[PDB]
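So this first bit is one chain, no partners, the form deposited in one PDB entry, shown in structure tokens.
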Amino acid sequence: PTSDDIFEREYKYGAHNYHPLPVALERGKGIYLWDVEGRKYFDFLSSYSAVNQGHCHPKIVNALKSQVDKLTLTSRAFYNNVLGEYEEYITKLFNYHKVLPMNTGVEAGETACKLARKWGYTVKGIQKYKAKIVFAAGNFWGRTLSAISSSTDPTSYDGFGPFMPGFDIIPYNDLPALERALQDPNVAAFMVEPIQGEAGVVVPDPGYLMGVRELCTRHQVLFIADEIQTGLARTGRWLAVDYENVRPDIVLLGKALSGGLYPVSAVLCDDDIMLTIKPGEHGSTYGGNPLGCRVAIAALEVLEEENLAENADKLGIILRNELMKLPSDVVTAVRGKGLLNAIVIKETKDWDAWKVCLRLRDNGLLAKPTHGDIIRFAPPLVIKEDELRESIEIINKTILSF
């Protein structure tokens, strides 16, 4: 099992919907990854902020092993003993009345849109099937037909058939645009990411989230905050929106909600929106299973108990300050919050972000390019200062070797 054979096996038998970086990973622990050759790598992608707590965190692994021997799935046709405990825990932690559990982020987004439409028809009084949902340009919340229907990325939706009606798109970080869009009374919700991760970690101006909250409240529009990637202490707070002390109507969570051990996602909102969905009107087979509930409880407990948010804040300050010392000769921009950061490099004929990531892999650091000039830096939140500093040294060497 060399790296080449693993690549060839995936190429021969698997679909070609991805072009991963040529690394064949076989072990993971905390912040480190090991390939089949035994090489050691710094993980600076964190599986898209899903292993914020580190790879194979002992407390989450123990919870999964304890639950797997007793009960893993009953389906929602009956009750299990774990779901209610997790629901109470999460609802108290994030200060919302109810949580609707799902498995993946796309499912939470679909649930959020369904909630928005049902609330618009039943509570707001919009005439049926005229309800609109507004999204921000550069948004990403998955690859379902509805999700790509709201994407501004041509690779996401080009050639994928007719698209879901009722979706409007406005520029990100543009309060006047949202105000103008909300003049349509048929708007039911505005869905937005506090920081657009897939777009290249674009950070809105301070006060943007406050303005969005005020505009949504003024025009009775549901504020949907997609914190699947930004939430759970990655940006330095429990939710990135806590930076502006803003309370969205709906909160989406996922990925790091399980520490990478299980597909678990959640839709958090109060009774006045959640109870528009009557029994038998929405659900999922694996949504709310006891195994995922135990895993999510363990994952959130290690986040709270290890103060990963505060460490993320301090270490992100250091990371951005060090990355800004990089010459504008190569690094055109540095941006981010907490340990969700990105650098935009000057792409030329000589080099691009793909080559930078290849050389970073050669030097023991794993990162992925998302635009051809944008490189993501997102190590697990359990990093210590010295590990971060030596990772920064690796990044400096790779950058200044071109």
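All residue numbers are counted from 1 along the displayed sequence.
Omitted from view is the form solved in complex with a small molecule, to which the following refers.
Participant: The small molecule isn't shown here, but in the deposited bound form which of 149, 311, 91, 80 has a heavy atom within 4.5 Å of it?
Facilitator: Looking at the other structure, the residue within range turns out to be 149.
Participant: Exactly one residue in 238, 262, 208, 167 has a non-hydrogen atom within 4.5 Å of the small molecule in the deposited bound form; which is it?
Facilitator: Contact with the small molecule in the deposited bound form is made by 167 alone.
Participant: Just one of 167-175, 317-325, 239-247, 213-221 has heavy atoms within 4.5 Å of the small molecule in the deposited bound form; which?
Facilitator: This holds for exactly one stretch, 167-175.
Participant: Looking at the partner-bound form in the deposited bound form, is residue 160 within 4.5 Å of the small molecule by any heavy atom?
Facilitator: Because no heavy atom of residue 160 falls inside 4.5 Å of the small molecule in the deposited bound form, the answer is no.
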